[PDB]
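Protein chains in written order, with the authors' numbering: chain H, 2 to 149; chain C, 2 to 134, 144 to 270; chain K, 1 to 115; chain J, 1 to 67. Yeah, the Cβ is synthetic: ideal placement off N, Cα and C, and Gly gets one too. Encoded as structure tokens, the structure appears first; notes follow it.
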Amino acid sequence: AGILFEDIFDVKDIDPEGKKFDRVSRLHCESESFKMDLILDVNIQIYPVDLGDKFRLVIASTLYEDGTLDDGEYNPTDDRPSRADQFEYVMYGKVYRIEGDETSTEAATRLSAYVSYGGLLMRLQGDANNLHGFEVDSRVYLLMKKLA
Amino acid sequence: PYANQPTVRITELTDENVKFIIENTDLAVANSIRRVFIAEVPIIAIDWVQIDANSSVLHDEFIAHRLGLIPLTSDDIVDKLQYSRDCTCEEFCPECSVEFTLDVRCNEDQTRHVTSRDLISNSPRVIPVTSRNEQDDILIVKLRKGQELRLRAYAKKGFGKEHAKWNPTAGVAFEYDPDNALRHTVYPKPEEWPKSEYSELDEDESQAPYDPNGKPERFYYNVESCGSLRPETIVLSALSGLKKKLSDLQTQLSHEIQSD
Amino acid sequence: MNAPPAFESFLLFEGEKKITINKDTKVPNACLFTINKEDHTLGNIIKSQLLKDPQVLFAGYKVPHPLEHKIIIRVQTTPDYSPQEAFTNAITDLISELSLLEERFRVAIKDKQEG
Amino acid sequence: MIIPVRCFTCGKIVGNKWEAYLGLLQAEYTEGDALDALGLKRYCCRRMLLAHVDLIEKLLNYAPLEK
Ligand SMILES: [Zn+2]
Ligand SMILES: [Zn+2]
């Protein structure tokens, strides 16, 4: 499939530290199916997000519905079935950090994957079970859709 | 993959300016039209002076520069005349230039205003705008009793890209998105900014709600004419010249694809 | 002393041509059009019209130096298309646009003067 | 020394407006109202008439070189 992570999040807070940028807003969200915290920077100018909103988030390694790697190059004249069709807000970034509560002897029970979508930062942290798909320096997509 | 179908709506037409709106075109086309208004609409202007006598208090280059900036009526003649580059004659001929004479002498005590009315042309169609049959005549020089200015000018075809004296416009107001819906400007304090004359907003509202899917359409123009051409003639010449540049570029492009 | 004549910006020198086409070996199906004695007036419209073509993958232009009087237009198209063909179609579309705009402006003047 | 022909900024002709401007000023217009009467909208052309110093009038106080 090419999907590293999928879950349904609920916007719990927007810009707790205050509005830092005009067209970008930081959402602090928490899901229900996996109990994962999310910090996410979103362009609220084109995709406004209100407090209490509920959305489906899908971290994916590729947009093509069939397992097929991406070249990282912009190809607008691409006609294959892309899963971005199923979603409203799509971002493309790279994982730049994976933290965890591991010790010198114990493995990590909770992981924290950090992604950068061209400077819009995301932190998806929770059980390490759900963040096996993330390596550092690996390109991923956001695939976020609002639902009622 | 194909051309726009722009529409036009002229909201004001006087002898002094034309205020119009082009709608359903790209911002690049609108700005290129604006630029051609200023820089690639040919007119006639004095570009050659011979001072036979100048006892005035302004030196010869001052008089010459001042004559070059006098607008000359260029309406029907500019399309007919050739550039002296293209003319197969000597320095001058009636097919590429227009003769002017000026010959003034202050005899009385009391100051003689050498104005554009003293520029006498050989061509009745190309005359100083102020001299055309209100607004006074452009002042070339003031002469004291005993002072004298006699000169012979030639006016030629050119556009504002070579010298601002061949610029037919006296200001090209250009606007789009009067209510800042595309947010191409970002007002720190939108309430402090006055409304555009083309704004369509109630006074409580400072700018339109942001349009994520918009682009610039409906460009507003106010082309003011210096006098050489009519404003509608400026706009029609601009469209012809821009087009016709594109045609020349196409011809050279075809040759260059051919030759490969 | 060092002032170029004002005609240099728009007149062409002998033996130097208006437009030159050069592959871009960077990527496939890309070309550089070096156009002499033109400026932003044509570069901007050609670039925007090219951006209207869905078979154009890249369309950009630059004036490499304001004191020099040439523009570079880089056009990359899809493999089934050609940058030369894209450039030709962009110029044709701009010409048709300007012809239509001219005719409609004539009509709008016509109406304004008589009512 | 003499009124410029064109506005430096836009290129509007101001060389035929100096004499009318002075005539309006002696007619007890304010400078702004006089500039409004001559059709100088833009503060560039208003700058051209409002900031002009007619030095030629002083240069004409000297007798010419030839009688
Ligand atoms: Zn000739
Ligand atoms: Zn002005």
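Minimum Cα-Cα distance from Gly181 (chain C) among the listed residues C:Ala29, C:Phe38, C:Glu227 corresponds to C:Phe38.
Three or more beta-carbon pairs separated by less than 8 Å link the stretch 172 to 181 of chain C to the stretch 39 to 48 of chain C, which places the two stretches in contact.
Judged by their CB atoms, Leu73 (chain C) and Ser238 (chain C) are nearer to each other than the 8 Å cut-off. The DSSP-derived three-state label of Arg47 (chain J) is helix. With a threshold of 7 Å, the Cβ atom of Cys88 (chain C) does not count as near ligand 2, since no heavy atom of the ligand is closer than that. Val141 (chain H) counts as buried, since at least 16 other C-beta atoms from the protein chains shown sit within 10 angstroms of its C-beta. Checking the 7 Å criterion, the Cβ of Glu19 (chain J) is out of range of every heavy atom belonging to ligand 1. Contact between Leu52 (chain H) and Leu41 (chain H) is ruled out by a C-beta separation of about 14 Å, above the 8 Å threshold.
Listed along the chain, the chain H residues whose CB falls inside 9 Å of the CB of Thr78 (chain K) are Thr78. Look at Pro83 (chain K) here: in three-state DSSP terms it is helix. Every residue whose Cβ sits closer than 5 Å to any heavy atom of ligand 2 is listed here in chain order: J:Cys7, J:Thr9, J:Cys10, J:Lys12, J:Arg42, J:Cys44, J:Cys45. Set against 7 Å, the gap from the CB of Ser85 (chain C) to the closest heavy atom of ligand 1 is smaller. By the rule that beta-carbons nearer than 8 Å mark a contact, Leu50 (chain K) does not touch chain H.
Membership of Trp18 (chain J) in the alpha helix (DSSP H) is indicated by the continuous run 18 to 26. Within the same chain, and ignoring the five residues on either side of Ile3 (chain J) in sequence, the residues whose Cβ sits closer than 6 Å to its Cβ are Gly15, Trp18, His52. A residue is called buried once 16 or more other Cβ atoms fall within 10 Å of its Cβ, and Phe10 (chain H) is buried on that count.
Using a CB distance cut-off of 8 Å, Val30 (chain C) counts as an interface residue toward chain K.
By the C-beta density criterion, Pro241 (chain C) is buried, having at least 16 other C-beta atoms within 10 angstroms.
Not one heavy atom of ligand 1 lies closer than 7 Å to the C-beta of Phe101 (chain C).
When secondary structure is reduced to three states using DSSP, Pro219 (chain C) falls in the coil class, being assigned neither helix nor strand. Shown here for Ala248 (chain C): same chain residues with a beta carbon closer than 8 Å to its own, the five before and five after excluded, namely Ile34, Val37, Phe38, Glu41, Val42 in chain order.
Three or more beta-carbon pairs separated by less than 8 Å are not found between the stretch 121 to 131 of chain C and the stretch 99 to 115 of chain K, which leaves the two stretches without contact.
According to the DSSP secondary-structure assignment, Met123 (chain H) is paired through a beta bridge with H:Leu41, H:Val116.
The continuous alpha helix (DSSP H) containing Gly43 (chain K) extends over residues 40 to 51. When rounded, the separation of the alpha-carbon atoms in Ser75 (chain C) and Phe93 (chain C) is 18 Å. Residues are counted here when their Cβ sits less than 8 Å from a Cβ of chain H; for the stretch 47 to 71 of chain K these are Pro54, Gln55, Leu57, given in chain order. With fewer than 16 neighbouring CB atoms inside 10 Å of its own CB, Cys90 (chain C) falls in the exposed class. Between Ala165 (chain C) and chain K, the shortest Cβ-Cβ separation is not below 8 Å. Its Cα nearest to that of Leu148 (chain H), the residue H:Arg57 stands out among H:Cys30, H:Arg57, H:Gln126. Under the DSSP assignment, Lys166 (chain C) falls outside any alpha helix (DSSP H), being part of the beta strand (DSSP E) whose first and last residues are 158 to 168. Within chain C, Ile11, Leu14 have C-beta atoms less than 7 Å from the C-beta of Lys112 (chain K), given in sequence order. In the displayed model, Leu94 (chain K) falls within a helix according to three-state DSSP. Relative to ligand 1, the nearest heavy atom lies less than 7 Å away from the CB of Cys94 (chain C). Chain-order list of chain J residues neighbouring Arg67 (chain C): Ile2, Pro4, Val5, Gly15, by C-beta distance under 9 Å.
With its beta carbon less than 8 Å from one in chain C, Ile47 (chain H) belongs to the interface.
In this structure, DSSP gives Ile148 (chain C) a state outside helix and strand, which the three-state scheme calls coil.
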